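Trainee: Following this message is one structure expressed as structure tokens.
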Amino acid sequence: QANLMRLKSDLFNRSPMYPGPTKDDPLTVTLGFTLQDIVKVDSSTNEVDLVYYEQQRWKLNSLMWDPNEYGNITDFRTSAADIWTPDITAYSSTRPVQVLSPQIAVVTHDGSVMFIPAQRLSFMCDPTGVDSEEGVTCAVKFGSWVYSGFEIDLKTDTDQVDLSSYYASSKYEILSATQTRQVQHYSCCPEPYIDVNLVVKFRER
Amino acid sequence: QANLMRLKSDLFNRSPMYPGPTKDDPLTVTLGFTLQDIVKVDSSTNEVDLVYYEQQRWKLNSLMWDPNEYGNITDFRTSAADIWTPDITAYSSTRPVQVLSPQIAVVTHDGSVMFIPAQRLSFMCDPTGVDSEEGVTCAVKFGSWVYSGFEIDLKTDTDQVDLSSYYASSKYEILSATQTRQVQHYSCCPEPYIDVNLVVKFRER
Amino acid sequence: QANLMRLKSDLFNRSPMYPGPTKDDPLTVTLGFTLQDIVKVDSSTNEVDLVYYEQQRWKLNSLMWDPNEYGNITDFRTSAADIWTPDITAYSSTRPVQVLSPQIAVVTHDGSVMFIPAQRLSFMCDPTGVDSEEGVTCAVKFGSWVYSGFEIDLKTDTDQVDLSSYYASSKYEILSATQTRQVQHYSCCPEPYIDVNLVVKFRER
Amino acid sequence: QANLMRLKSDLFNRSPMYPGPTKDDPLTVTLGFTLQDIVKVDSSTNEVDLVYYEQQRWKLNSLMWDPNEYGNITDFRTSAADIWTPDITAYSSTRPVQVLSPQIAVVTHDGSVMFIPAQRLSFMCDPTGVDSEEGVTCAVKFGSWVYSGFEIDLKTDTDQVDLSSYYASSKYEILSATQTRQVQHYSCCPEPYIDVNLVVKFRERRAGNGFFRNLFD
Amino acid sequence: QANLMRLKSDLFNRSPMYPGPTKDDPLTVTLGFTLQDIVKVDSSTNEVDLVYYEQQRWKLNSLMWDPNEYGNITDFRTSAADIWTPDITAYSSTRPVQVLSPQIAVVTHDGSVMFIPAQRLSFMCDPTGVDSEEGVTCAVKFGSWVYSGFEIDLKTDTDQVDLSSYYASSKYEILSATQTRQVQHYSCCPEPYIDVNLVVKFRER
Ligand SMILES: c1ccc(C[N@@H+]2[C@@H]3CC[C@H]2C[C@@H](OC2c4ccccc4CCc4ccccc42)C3)cc1
Ligand SMILES: c1ccc(C[N@@H+]2[C@@H]3CC[C@H]2C[C@@H](OC2c4ccccc4CCc4ccccc42)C3)cc1
Ligand SMILES: c1ccc(C[N@H+]2[C@@H]3CC[C@H]2C[C@@H](OC2c4ccccc4CCc4ccccc42)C3)cc1
Numbered sequence: 020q021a022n023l024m025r026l027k028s029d030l031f032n033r034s035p036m037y038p039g040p041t042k043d044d045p046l047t048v049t050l051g052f053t054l055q056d057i058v059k060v061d062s063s064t065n066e067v068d069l070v071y072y073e074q075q076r077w078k079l080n081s082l083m084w085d086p087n088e089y090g091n092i093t094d095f096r097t098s099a100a101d102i103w104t105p106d107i108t109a110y111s112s113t114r115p116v117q118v119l120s121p122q123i124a125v126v127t128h129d130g131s132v133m134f135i136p137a138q139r140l141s142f143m144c145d146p147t148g149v150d151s152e153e154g155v156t157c158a159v160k161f162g163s164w165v166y167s168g169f170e171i172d173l174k175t176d177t178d179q180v181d182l183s184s185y186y187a188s189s190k191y192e193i194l195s196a197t198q199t200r201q202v203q204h205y206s207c208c209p210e211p212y213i214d215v216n217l218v219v220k221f222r223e224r
Numbered sequence: 020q021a022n023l024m025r026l027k028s029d030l031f032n033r034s035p036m037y038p039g040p041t042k043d044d045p046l047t048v049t050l051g052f053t054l055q056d057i058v059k060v061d062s063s064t065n066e067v068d069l070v071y072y073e074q075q076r077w078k079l080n081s082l083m084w085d086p087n088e089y090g091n092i093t094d095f096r097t098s099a100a101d102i103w104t105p106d107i108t109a110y111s112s113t114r115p116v117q118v119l120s121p122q123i124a125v126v127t128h129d130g131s132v133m134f135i136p137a138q139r140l141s142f143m144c145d146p147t148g149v150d151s152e153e154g155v156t157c158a159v160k161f162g163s164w165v166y167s168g169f170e171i172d173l174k175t176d177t178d179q180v181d182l183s184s185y186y187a188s189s190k191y192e193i194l195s196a197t198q199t200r201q202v203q204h205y206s207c208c209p210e211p212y213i214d215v216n217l218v219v220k221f222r223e224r
Numbered sequence: 020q021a022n023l024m025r026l027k028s029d030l031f032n033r034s035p036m037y038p039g040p041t042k043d044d045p046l047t048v049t050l051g052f053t054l055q056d057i058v059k060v061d062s063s064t065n066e067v068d069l070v071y072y073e074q075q076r077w078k079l080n081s082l083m084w085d086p087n088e089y090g091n092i093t094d095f096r097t098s099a100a101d102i103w104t105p106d107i108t109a110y111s112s113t114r115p116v117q118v119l120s121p122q123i124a125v126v127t128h129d130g131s132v133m134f135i136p137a138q139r140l141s142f143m144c145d146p147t148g149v150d151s152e153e154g155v156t157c158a159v160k161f162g163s164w165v166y167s168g169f170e171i172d173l174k175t176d177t178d179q180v181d182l183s184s185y186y187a188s189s190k191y192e193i194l195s196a197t198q199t200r201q202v203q204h205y206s207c208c209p210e211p212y213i214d215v216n217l218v219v220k221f222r223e224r
Numbered sequence: 020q021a022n023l024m025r026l027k028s029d030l031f032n033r034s035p036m037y038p039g040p041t042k043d044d045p046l047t048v049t050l051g052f053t054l055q056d057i058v059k060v061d062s063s064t065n066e067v068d069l070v071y072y073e074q075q076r077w078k079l080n081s082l083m084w085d086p087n088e089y090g091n092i093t094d095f096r097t098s099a100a101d102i103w104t105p106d107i108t109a110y111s112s113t114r115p116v117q118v119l120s121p122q123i124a125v126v127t128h129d130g131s132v133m134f135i136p137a138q139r140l141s142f143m144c145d146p147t148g149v150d151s152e153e154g155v156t157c158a159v160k161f162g163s164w165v166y167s168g169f170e171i172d173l174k175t176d177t178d179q180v181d182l183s184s185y186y187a188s189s190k191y192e193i194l195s196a197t198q199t200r201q202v203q204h205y206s207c208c209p210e211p212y213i214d215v216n217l218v219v220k221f222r223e224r225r226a227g228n229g230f231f232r233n234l235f236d
Numbered sequence: 020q021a022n023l024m025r026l027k028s029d030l031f032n033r034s035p036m037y038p039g040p041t042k043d044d045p046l047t048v049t050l051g052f053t054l055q056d057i058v059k060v061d062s063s064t065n066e067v068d069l070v071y072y073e074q075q076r077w078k079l080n081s082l083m084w085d086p087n088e089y090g091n092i093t094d095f096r097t098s099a100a101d102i103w104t105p106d107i108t109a110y111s112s113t114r115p116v117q118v119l120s121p122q123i124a125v126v127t128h129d130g131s132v133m134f135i136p137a138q139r140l141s142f143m144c145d146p147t148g149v150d151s152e153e154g155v156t157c158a159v160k161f162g163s164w165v166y167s168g169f170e171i172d173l174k175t176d177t178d179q180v181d182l183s184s185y186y187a188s189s190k191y192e193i194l195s196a197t198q199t200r201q202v203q204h205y206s207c208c209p210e211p212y213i214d215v216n217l218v219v220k221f222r223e224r
């Protein structure tokens, strides 16, 4: 505790918070989804509700430290309010996302942060054909709300959504779930736009 | 980060926050809507729920800086709690507006601020006829709650609401969507009052 | 901006907040209602839901200033958290009041404050007969929760509720809406209590 | 305003808050209910919803002052976040209690504090038989969550719930409502626990003016 | 009061808050459940709603004192916001947990803390068969969100959930309820992960 308090103080109280990325100093955030449940489908409003947890990762030189100076501590946990977090959001949600987990992050001595909020999300999706053998496919994009691809570069580690914790007795069964980086360019607008497209194909059990 | 930290410190910690406009120093705010979804209609209460995002824009001298003094940085993103924002509100909502996006704004060296809250709104609207070929029109005004036209002047860049991201598989289709600056005048008072009237004509798919 | 910053600072950072009224220094508050919609009726719980905005007004010697000393500024807007506000509450609500407008108030150089929260309120009301020509009458009292009439004197400017902004296509039409000051005693206490009685007569369109 | 500001400052800024009661310095809290409405019943979850206001009263020496030294001020209102309050809770609720009144309290020069939150509560209750001439009875215990009877002693002034503001046109009519102090035990623990047991017997409305005759309007 | 004020001040104002455990200084948290009610089942979403209370216990050298120096005080209550708490969370909820009790803990002179939040939880569970003699089983794991078993070691005192306050007129009867410590190891990483699995078998009354 002596040594950890000393590290946290040295990292957080001796200088302001990371101000976020610029064009000259971009930052790469990695995203991944572990999909736990399709809880509910509303065919009268074309809204579907997901429960998942979303792995967010990035690396900052300012959160970097030598373990030998702090009792061989190599990583620590701290409230997410003590650090910058990227403004990643679902672009087509219909309710404010609900947070299901303590808002804490893991910081590693190399400056890696790992943040994994569990969320329930309602989003835009017509579930028509969900009750066929064939199912229905729905999509939702995730990305930064105000940073372009010149400041925040998104990335995935895999295109397969982790289904190893999907609720086996869910009401809907997953036929496929992928997570794909998209880059997009619109001649109106000098900057590129990056998102991760969460595509889920599912049907009634 | 060195430079942007300095800038943010200079802009935000060396002086108080912009106190908002007065009659001698009015401010012009520009509003525009991007309509994503008519989620739901309640014919028993005459309430309709929209999901959209609202582009707010203004310019303050106090937020201005010379890029050559801050590592050629020309703009930055920062939390909306760091800056003044206009009190723009829907005048005929029936629930508190629910915010769907992270509350961050973009600030540019010329003193421009761009703030873009994504919201779900319930508002007063009689959807009788929504199931005809002919649809129903419904209207909701937006404007400052406590500033007259002598302190905040509202403006739109175009009268066409942006429908380029309207959900194709929504449950209601949009027949037309406009956004019009209006100048009201209550028979008591001299000050002008100013709103942007969102009018949506729509029908059941 | 320079002058208004100076004013606000002078008013809000040079002394503590108004502590509220006392028996020796009572404060008069004026209340008025602008009724926008009867949204909903629930005949299984006898709960009715109103959207309105409530005009609150009072005057404080400590919020008073000479315009000549502050660039001829005669009034300003500020966040309702910077000033004392009266604890005016509905006495027969069934859910916490929901606030629908930005929490900002206008302060005038004579010390007048004006505050206009928009609210949705659910409250105790039997709507049996709403479907007749003749409608049903329901009532809700507003007043300070903890201050007697010796500290806070409530007042109306008129007994008529303002219906100039009642939603034309509401599902219920208003036959009459009055707002009446009532003085009410108890044996415990020399002190009179004041409420404003909102009485709405309405029916199904 | 000068004098009150001075008083509040003296009481609140010159020392820390009351840390709460100890076994050597217990505190007695007096509870009373005013029942406004049984709003709702859900026979598919056995949850009933009450709207009431709860009168909490207690007395601290550290909140005490001589009026003569503060412009003959004998009492004042202040935000409940400025003072200690007791952790009184419903023991069998099914949702977080919702607060319907401003969180303000009244403090008196003898150190008395009075705090009266209006609340809506959902709680465990099987309303089967609510539609009979004979009604259903439901019960909910209120007490401290973490302080035993050696630290907080609960009390009621009367065992009758106040029904003088029960909603006349409610959907359910009250046949009886009481509020009784109770002293629990358990094998583990020599230390008594104290609750106030709110018991309400009610039915589905059958006449414009309720079950019991009463003279006064 | 004098002595307890002195103690709270000494424990809480003289030094920072406990920063949380580390590999070199792990902390053992004991968990136990007292189940009050299965409130509700939703067979259309496979969500069940529990009301329970969760006993949490741990011990910290920094919260330790000698009673002889503080008027023979041996323990005290204080707001959970004054001390560190573990980030114990349900792993398969479908809504944010709702807290039904005041957030206060008991601290003992030996450094033991005891914290007992009453909660309502909606969580993933298929209730098909609940209406049989035979009932249905459901399970939800609890554990730290971001601390591994090298930092937080979870324990139970007993595997039996306390049913001595289960609602006798609940709508569902409890056939069995157990709480079991589990250790899992993932191929990614060297450190073990601990959870307490709450298993409840029930049926319709
Ligand atoms: C200056 C003005 C506006 C913004 C807001 N961003 C703009 C518009 C929304 C957000 C993120 C991005 O727009 C994304 C977005 C993201 C990827 C591909 C296309 C789009 C098209 C508009 C859109 C519509 C709904 C929801 C999200 C988006 C760029 C940011 C800076
Ligand atoms: C429904 C219809 C119109 C509105 C528009 N706002 C409402 C009314 C005008 C504007 C701003 C404000 O009205 C102001 C107003 C503005 C600031 C503070 C108080 C008031 C109420 C006094 C007043 C008196 C005469 C004319 C206007 C006003 C609230 C709001 C809801
Ligand atoms: C369903 C089953 C289990 C959980 C909770 N566990 C899962 C895995 C450990 C623990 C909390 C968290 O996972 C930790 C974990 C813990 C802290 C910070 C990051 C991570 C990253 C996911 C991960 C990957 C490999 C090994 C451990 C972890 C989610 C949540 C949902």
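Those protein sequence lines, which keep their order, are chains A, B, C, D and E. Read in order, the letters of the first sequence are residues 20 to 224 in full-length UniProt numbering. Read in order, the letters of the second sequence are residues 20 to 224 in full-length UniProt numbering. Read in order, the letters of the third sequence are residues 20 to 224 in full-length UniProt numbering. Read in order, the letters of the fourth sequence are residues 20 to 236 in full-length UniProt numbering. Read in order, the letters of the fifth sequence are residues 20 to 224 in full-length UniProt numbering. Yeah, the Cβ is synthetic: ideal placement off N, Cα and C, and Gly gets one too.
Anything in the region 49-65 of chain B with a Cβ closer than 8 Å to a Cβ of chain A? List those residues in chain order, please.
Mentor: Listed by position, the residues of the region 49-65 of chain B near chain A (Cβ gap below 8 Å) are 55, 56, 58, 59.
Trainee: Counting only the same chain and skipping the five closest in sequence on each side, list residues whose C-beta sits under 6 Å from that of residue 199 of chain C.
Mentor: Around residue 199 of chain C: 178, 216.
Trainee: Taking the beta carbon of residue 118 of chain B as the centre, do at least 16 other beta carbons fall within 10 Å, making it buried, or is it exposed?
Mentor: Per the 10 Å Cβ criterion, exposed.
Trainee: Got a sec: does ligand 2 put a non-hydrogen atom nearer than 7 Å to the Cβ of residue 165 of chain B?
Mentor: Yes - ligand 2 has a heavy atom lying nearer than 7 Å to the Cβ of residue 165 of chain B.
Trainee: To the nearest angstrom, how far is the alpha carbon of residue 142 of chain A from that of residue 160 of chain A?
Mentor: Rounded to whole angstroms, residue 142 of chain A to residue 160 of chain A spans 10 Å at the Cα level.
Trainee: Going along the chain, which residues of the region 162-184 of chain A sit with their C-beta nearer than 7 Å to a C-beta in chain B?
Mentor: So the close ones are 164, 165, 166.
Trainee: Going by beta carbon distance, what residues of the same chain come within less than 6 Å of residue 79 of chain A, once the five residues before and after it are set aside?
Mentor: Excluding residues within five positions, the ones whose Cβ falls inside 6 Å are 37, 130.
Trainee: Residue 110 of chain D and residue 43 of chain D: beta carbons closer than 8 Å?
Mentor: Cβ atoms of residue 110 of chain D and residue 43 of chain D: not closer than 8 Å.
Trainee: Could you tell me which residues DSSP pairs with residue 157 of chain D in its beta bridges?
Mentor: Residue 157 of chain D is bridged to D:219.
Trainee: When the cut-off is 8 Å and only beta carbons count, does residue 143 of chain E lie next to chain A?
Mentor: Yes, its Cβ sits closer than 8 Å to a Cβ of chain A.
Trainee: Please indicate yes or no: does the CB of residue 58 of chain C lie closer than 7 Å to some heavy atom of ligand 2?
Mentor: Not under cutoff, so the answer is no.
Trainee: Flag residue 101 of chain E as yes if its beta-carbon sits less than 8 Å from any beta-carbon of chain A, otherwise no.
Mentor: So, not an interface residue.
Trainee: Extract the residue ranges of the beta strand (DSSP E) inside the region 40-82 of chain D, only unbroken runs of 3 or more that lie entirely within it.
Mentor: Entirely contained in the region 40-82 of chain D, the beta strand (DSSP E) runs reaching 3 residues are, in chain order, 46-61.
Trainee: Roughly how far, in whole angstroms, is the beta-carbon of residue 171 of chain B from the beta-carbon of residue 40 of chain B, given that I think they are within contact range, below 8 Å?
Mentor: The Cβ separation is near 6 Å, so the contact holds.
Trainee: Under a CB-based cut-off of 8 Å, is residue 112 of chain C close to chain D?
Mentor: Chain D contact via Cβ: present.
Trainee: Chain G partners of residue 140 of chain A, CB-CB under 8 Å?
Mentor: This model lacks chain G altogether; the protein chains it does include are A, B, C, D and E.
Trainee: Which word fits residue 235 of chain D, buried or exposed, when buried means at least 16 other C-beta atoms lie within 10 angstroms of its C-beta?
Mentor: Exposed, by the Cβ-count rule.
Trainee: Under the criterion of a Cβ to heavy atom distance below 7 Å, does residue 74 of chain C qualify as lining ligand 2?
Mentor: Yes, the beta carbon of residue 74 of chain C sits closer than 7 Å to at least one heavy atom of ligand 2.
Trainee: Nearest to residue 138 of chain A by alpha carbon, out of A:21, A:70, A:53?
Mentor: Nearest of A:21, A:70, A:53 to residue 138 of chain A, Cα basis: A:70.
Trainee: Going by C-alpha distance, which of C:51, C:96, C:99 is nearest residue 218 of chain C?
Mentor: Minimum Cα distance to residue 218 of chain C is reached at C:51.
Trainee: What residue range does the beta strand (DSSP E) around residue 21 of chain D cover?
Mentor: Unbroken run through residue 21 of chain D is the alpha helix (DSSP H), 21-31; no beta strand (DSSP E).
Trainee: Quick one: does the C-beta of residue 132 of chain C sit closer than 7 Å to a heavy atom of ligand 2?
Mentor: No.
Trainee: Just the chain A side, please: which residues come within less than 7 Å of residue 47 of chain E by C-beta, in chain order?
Mentor: Chain A residues near residue 47 of chain E: none, gap ~15 Å exceeds 7 Å.
Trainee: For chain A, find out if any of its Cβ atoms is closer than 8 Å to the Cβ of residue 154 of chain E; answer yes or no.
Mentor: So no, residue 154 of chain E is outside the interface.
Trainee: Take residue 58 of chain D as the anchor and find which of D:194, D:188, D:195 has the nearest alpha-carbon.
Mentor: Of D:194, D:188, D:195, the residue nearest in Cα terms is D:188.
Trainee: Kindly list, in the order they appear in chain D, the residues whose Cβ is closer than 7 Å to that of residue 188 of chain E.
Mentor: Those are 65, 145, listed as they occur along chain D.
Trainee: Would you list the one or two residues that DSSP bridges to residue 192 of chain D?
Mentor: Residue 192 of chain D pairs with D:222.
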